[PDB]
Every structure is written in C-alpha cells, then in structure tokens.
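**Student:** Sequence unavailable; structure follows:
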Ligand SMILES: [Mg+2]
Ligand SMILES: [Mg+2]
Ligand SMILES: [Mg+2]
Ligand SMILES: [Mg+2]
Ligand SMILES: [Mg+2]
C-alpha cells in the first residue's frame, strides 16, 4: 500500500482490536493500511493555545501532586507512618550501628564490607521531601557550579568522534521492548501495551516511517498530532529514595524556573511531622523529577538505541558488559578507581549532546537524529511539584524544532542509557589521553580490555583499572591536578568502592570480594519507594527471600540480619505477626519461586527497566521478560533499517 499516514480517513473505533491481534509472523498493517485508524478512537484534538490538554485524559490530573504524601504498606498489614514502625526503625538502626561501622582505607575501600552507617534507614517511606526539584530551562548554573569546562578540548572532540563512530557504526538488530506497566504518554496517556504494539506495527508498515519523519520535519504540530498521534513533549514522574537524616539539600522552585533561565536553588526545609509529632531524627524520602518521553516518539528511535547498545555489548564487552559475577576476580592484582559522578546526566553540555547526534548522522538518516534532538530539548508538562504549586508547562511545544529546555542527557529519552554509558567512557578515555597514553591508535584495544589499563562501565558507575601501580597513581595525580578546561563531569572516588550496587571489599593485597551493600536489604524492606503489590511490586517477596537466603554469605551481613530478626521479633511481631510468615505467605501467592530464578531475573522483576541497560535477552528467561514487556522482533523493522541505517551489522 502507498499510504503514508498512521491515522487515515477511515472511520475510527469501527473495529475491535480483538480482530487485529498480532500473530508474531505477519504485520497485518501491511495488508490493511486503515487498521490502526479503525481499531482506536478519535484523538481529543490538539489546541495550540492550550497545549496542556495533551495530558487532560491522564490517570492523575491537574491539581494532584506528582509526589503525594501517603504511608506505604511495607509488609502485609504494616504501614510506614505507624509509631510502632518508627520505633522499630530507631532501635534497629541503633543495634545495626553497634554491629559494625564502616572501615574505610585512605583510597575509600572498605576493609569489612560496610561502606556507610545504617542511619538512612530512619527514612519515612511515603513522606516526601518537598517541593520536588523542578527542571530549569538551562543547566548553565549547574555547569558553572560544578566547575565544568566551557567546551571540550580539540582532543576530546577527536576521542568523542572516534568512540561514537564505533558505537553508531555497529548494529546488532534486537527486538523493541514494549512496556506493559507504564503510560504511553500523550496523546492517549494509557498503560496499554497492545495499543503501543499496534502503533509500532502501523509505523513500520508501508511508507509510514517516512511519512512520520516528513510530518515531524515540517514543524506543523497539528499535522504530526493528527496524522501520527505524535507530539514532542515530556511528561513528568518522581522517583523516591532514602536519605541521611540531617543532610541539607536544595531544590529548583517552580516559580523561579518560570521567571529565570538558570535560577539558583533554594533550601529544602521539610521536617517529618506525623499526626502532630515531630521526628527530628528522621529523614523525609529524597525525591527526584524524571521526564518521560511519549511512546509515539520513542518508538521511532528505540530500534537504533537498542541495536547499537547490543552491538557495543558484544564488540566491546570488557568495557560495557562484562560478567558481573567475574568482576572481583578480574580485578585481582589490579589497582582500581571507582567513580562517583555528581549530577551526571544533568551536567551534559549542549555541545556534548549535539556532537553525539552529529556523529550519528554519518550512520543514521539525519531527520532521525533531528527527532532525537527535538526530544532531548523538548518542552515538558508537570503536575504540581509541591503543595503550594500549580501545574506547569515549561517550554513551547508548538516550536518543537527549536530547543526549549537544555538539560543535558534528558531523562525519558530512547537514547538516555546509551548516552550515559558512552560519555562516561569518553571522559575516562580522555583521562587516559591526558595521562599521556596514545588512545586513538589503541582505541579498540582499550575498549576490548587488551591494554594494561581500561574501564568497566555501567552508565555513571565505573571501575577504572590498572595493572601498574605507577599508572594508577598517575591517573590519581591527573584527577588531583586537572584544570577546568579538561573537566567534562564532576567525578570523585566512591565511598566503599561500590559498583552496580556492590561493595568491592578489599580482602587482601589487590584482592577484592563483591558484597551487595549491606544497607540495601533493610532499606528496600523498611523504607521502600513503593507499597507492596500494586503496579510495580507485584513480586515483592522474591527479593527479600533471596537476600534472606544468603544472609550467611558475609559475616557482617549475617550479624545485621540477626539484629533484624531479633529486633523485629521483640518489637514488631507481637503487633503485626512474624516477618518470615508474612513474606512466605505472600511468596506462595505469586507465580514465581525464588529458588527457580537467577539473581538477574529477580532484579528484573523488581526493576524491569534493567532490561534496557543491564541485562540482555540472553540472560533472562521469557516468562520473566513477559511480566513487563511485549516485543516486536527486528524482522518487522528491517525495511526501515535498510533505508535509514548505513553502518555495519553485527
Ligand atoms: Mg468483526
Ligand atoms: Mg532534618
Ligand atoms: Mg535572579
Ligand atoms: Mg559510582
Ligand atoms: Mg532469554
């Protein structure tokens, strides 16, 4: 068929989606160019004078806060604002701190496996720090505050081009993941993976991908919206995590980002006060704004992000995807710096984002890179970030071909993870360069782990390793001496040498042993981001039982679990029932068993987005992946790649 539009002139909502189910073998939208139009309803309609109506049909609307205050159900029948729970938190933390204290050397390595104190467990889940910090229109104040370079050096640009050529220039075609449990974002704002899949099939049928790009590049939002159900705009969500009591933090106010491009931050002053009692020894949960790109934008980009990432994991495994179980042994006999990056994604400059996309255009049609740019710099809409704020549109989505919000490696983008991984390695390879090494001539060898130095990467987490002590101390001298003109990101040593959630305990001379942070099991039980069950914690017993079952695997861990069990038994059990009873009864009601799953699989059930950056299809069984994702195999977008990709297939 000739049809170039996803939404045609056919009557909408005239056929049931049940008559157009995807069989995994043929794209039925090739047979019927009107199918998508007929199986879904009329869009509400775009008003350029009122762009926020793009979100008026969402589950949460207008007035309701992005981060409401609401007690969490931490275990069956146990809620986080109850005074007995808070009493347990205080006593558990006293007793756990009496077990062990972090024992760190001058390089930040833990000698006992513990990297910090247990004080963050005095955080009240469901009690947010407010306001949630807004995203300013400009990150220049941050770049200034962090003392980052004004521009890349010439050499840094060379290195960035050499690495991006390797990344964009190779592709291992891989299925698009279609999330079951997240919103499509505008315009439909539904958690409907069937619609997402049918949209993908429509996009990749006939001439619709080129029609989509033509509509995009026209700058006519009314056209892109009408004919492709697409609008370049971010929604916003909030992520929550524990904090250390007493830690001073700051935030960008909604009223300031409205008035100023790069305003200064204001102090967060939230105190925990529950039913008329102040808890001065507790923290409110740290909160962070995350943007969310619409499905109907990200779907056009994801094939490239996923394919290039998967290629990179194969060709340059030693850098971007080593076996995590083997890292500690790999490091035996090596010196290592564990990177702690401050405000990483937000600290990317416009130059860095733009260069990445420029090199992309050598391998991928330029209009696709321009779509990526449009989303990186898109306007966003947020519901209120605090109790005194209103909903707010930041930027002008009517002018989406112009940059609206400059915020570095924008969250919610198809490319966010790829950019995080590649730029951390650009920075570290530039550091190898600044030491004096000839990194261009030896680029492949560095990335493949064949030189006497290299780096293991997981986005903003990294291990920079050296076979030679003298090379290692030269790297440390470089960090100490590096001037502003060379500084890409704000990086220091990680307290306790943590990588991907594990402490790399120093157990002998250049001998390491990985231990999951000993704070983690207790934070995730006692101070959770979300209540048990619901959308995101259906499988909550698994992570707990997995951790409990390995309690004897490390001597500090073992003692802290003994403190948990004894303290819970005395202070919680009389009122709420036994801990293991609650957890084991819940485990019986879910369709997975902890004994049958790998550690990787349990991680993915707790955080499915680890499939976009940490684990590949090969490492996770179908039943686990299918809990969270539908898939579209790459045969269904092969024609798009034949036209629009110019690199090498792996
Ligand atoms: Mg029928
Ligand atoms: Mg305080
Ligand atoms: Mg001012
Ligand atoms: Mg780190
Ligand atoms: Mg598999």
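**Tutor:** Everything's here; your move. Numbering: from 1, shown residues only. Ligands and ions are numbered 1, 2, ... in the order given.
**Student:** Can you point out the buried residues in the helix or strand hosting residue 471?
**Tutor:** Per DSSP states H and E, residue 471 falls inside helix 469-481. Residues 471-472, 474-476, 478-479 are the ones in helix 469-481 that count as buried (16 or more other Cβ atoms under 10 Å). Every C-beta, even on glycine, is put in place using the N, C-alpha and C of the backbone.
**Student:** now for it, which elements pack on it?
**Tutor:** Counting contacts by 3 or more Cβ pairs under 8 Å, 6 or more residues apart in numbering; DSSP states H and E, helix 469-481 is packed against strand 335-342, helix 416-435, strand 461-466.
**Student:** before we move on, the earlier item: looking at the buried residues of helix 469-481, spot the one nearest ligand 4.
**Tutor:** Proximity of the buried residues of helix 469-481 to ligand 4 was ranked by Cβ to the ion; the top entry is residue 479 with 14.4 Å.
**Student:** Contacts only, for that closest one.
**Tutor:** 337, 431, 491 (Cβ atoms under 8 Å, 6 or more residues apart in numbering).
**Student:** Surely residue 564 is within a helix?
**Tutor:** Yes. The assignment for residue 564 is a helix, going by DSSP: H, G, I helix; E, B strand; the rest coil.
**Student:** ok, back up a step: mind putting the buried residues of helix 469-481 in a markdown table, distance to ligand 4 included?
**Tutor:** Converted to a markdown table, the buried residues of helix 469-481 look like this (distance: Cβ to the ion, whole Å):
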| residue | distance to ligand 4 |
| --- | --- |
| 471 | 21 |
| 472 | 18 |
| 474 | 21 |
| 475 | 16 |
| 476 | 16 |
| 478 | 18 |
| 479 | 14 |
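**Student:** Quick check: the two most widely separated of these?
**Tutor:** Spatially, the most separated pair among the buried residues of helix 469-481 is 471 and 479, at 13.3 Å (Cβ to Cβ).
**Student:** beta partners of the residue in the stretch 351-500 of the chain that ligand 4 sits nearest to?
**Tutor:** When distances are taken as Cβ to the ion, the stretch 351-500 of the chain reaches nearest to ligand 4 at residue 461, 3.9 Å away. Residue 461 has these beta-bridge partners by DSSP bridges: residue 340, residue 458.
**Student:** wait, doesn't it sit right on residue 497?
**Tutor:** No. Checked against Cβ atoms under 8 Å, the pair residue 461 and residue 497 is beyond contact range at 11.0 Å.
**Student:** which of these two has more neighbours?
**Tutor:** For residue 461 and residue 497, the more surrounded residue by other Cβ atoms under 10 Å is residue 497, and the numbers stand at 25 against 20.
**Student:** quick one, what contacts that one?
**Tutor:** Contacts of residue 497 by Cβ under 8 Å, 6+ apart are 107-110, 115, 336, 338, 503-506, 512.
**Student:** give me every residue that touches the nearest residue to residue 535 once chain neighbours are set aside.
**Tutor:** Using Cβ to Cβ, 6 or more residues apart in numbering and skipping the chain neighbours, the partner closest in space to residue 535 is residue 181 (5.4 Å). For residue 181, the contacting residues are 191, 535-536, 608, 628, by Cβ under 8 Å, 6+ apart.
**Student:** Enumerate the residues of the protein near ligand 4.
**Tutor:** 340, 461, 494 (Cβ under 5 Å from the ion).
**Student:** among the contacts of residue 497, which are in strands?
**Tutor:** In strands, defined here by DSSP state E, the members of those are 336, 338, 503-506, 512.
**Student:** got a winner among the residues you listed for most neighbours?
**Tutor:** Neighbour max across these (other Cβ under 10 Å) = residue 503, 30 neighbours.
**Student:** Pull the number of nearby residues for residue 631.
**Tutor:** Here the number of neighbours of residue 631 (other Cβ under 10 Å) works out to 17.
**Student:** closest to residue 270 among the ones in strands among the contacts of residue 497?
**Tutor:** When the ones in strands among the contacts of residue 497 are compared against residue 270 (criterion: Cβ to Cβ), the nearest one is residue 503, at 29.8 Å.
**Student:** May I ask you to confirm that the closest one is in contact with residue 520?
**Tutor:** No. Residue 503 sits out of contact with residue 520 when judged by Cβ under 8 Å, with a separation of 10.0 Å.
**Student:** Return the distance of the residue lying closest to residue 361 once chain neighbours are set aside relative to residue 83.
**Tutor:** In space, and not counting its chain neighbours, residue 361 is closest to residue 369: 5.0 Å by Cβ to Cβ, 6+ apart. Applying Cβ to Cβ, to the nearest Å, the value for residue 369 to residue 83 is 56 Å.
**Student:** The two - which one has more neighbours?
**Tutor:** Each of residue 369 and residue 83 has its neighbours counted (other Cβ under 10 Å); residue 369 has more, 23 against 11.
**Student:** how about the more buried one, what does it touch?
**Tutor:** Counting by Cβ under 8 Å, 6+ apart, residue 369 touches 357-358, 360-361.
**Student:** Next: residue 568.
**Tutor:** Residue 568 neighbours (Cβ under 8 Å, 6+ apart): 88, 92, 579.
**Student:** any idea how far residue 475 is from the residue in the stretch 501-650 of the chain positioned nearest to ligand 4?
**Tutor:** Nearest residue of the stretch 501-650 of the chain to ligand 4 (Cβ to the ion) works out as residue 501 at 9.9 Å. Residue 501 sits 24 Å away from residue 475 when distances are taken as Cβ to Cβ.
**Student:** Residue 417 is in contact with residue 309, correct?
**Tutor:** Yes. Under the criterion of Cβ under 8 Å, residue 309 makes contact with residue 417 at 7.1 Å.
**Student:** Any chance you could list residues touching both of the two?
**Tutor:** Shared contacts of residue 309 and residue 417 (Cβ under 8 Å, 6+ apart): residue 613.
**Student:** Name the residue in these two with the higher neighbour count.
**Tutor:** residue 309 (23 against 18).
**Student:** ok, and the closest non-adjacent residue to that one?
**Tutor:** The shortest distance from residue 309 to any non-neighbouring residue, by Cβ to Cβ, 6+ apart, is to residue 418 (5.3 Å).
**Student:** how much space between that neighbour and residue 306?
**Tutor:** 9 Å.
**Student:** List the buried residues in stretch 308-323.
**Tutor:** Those would be 308-313, 315-316, 318-322, for stretch 308-323 by 16+ other Cβ under 10 Å.
**Student:** which among those residues gets closest to residue 28?
**Tutor:** Out of the buried residues of stretch 308-323, the member with the shortest distance to residue 28 (by Cβ to Cβ) is residue 310, at 27.1 Å.
**Student:** for that closest one, helix, strand, or coil?
**Tutor:** Per three-state DSSP, the local secondary structure of residue 310 is helix.
**Student:** Am I right that it is in contact with residue 175?
**Tutor:** No. Residue 310 is beyond contact range of residue 175, at 10.0 Å (criterion: Cβ under 8 Å).
**Student:** Leaving out chain neighbours, which residue sits closest to the residue in the stretch 51-200 of the chain positioned nearest to ligand 4?
**Tutor:** Nearest residue of the stretch 51-200 of the chain to ligand 4 (Cβ to the ion) works out as residue 108 at 11.1 Å. Leaving aside its sequence neighbours, residue 108 sits nearest to residue 493 (Cβ to Cβ, 6+ apart; 4.4 Å).
**Student:** Run a quick neighbour tally on that neighbour.
**Tutor:** 15.
**Student:** for the closest residue to residue 365 other than its chain neighbours, what are its contacts?
**Tutor:** Nearest-residue entry for residue 365: residue 644, 4.4 Å, with adjacent residues in sequence omitted and distances by Cβ to Cβ, 6+ apart. Residues in contact with residue 644 (Cβ under 8 Å, 6+ apart) are 209, 364-365, 368.
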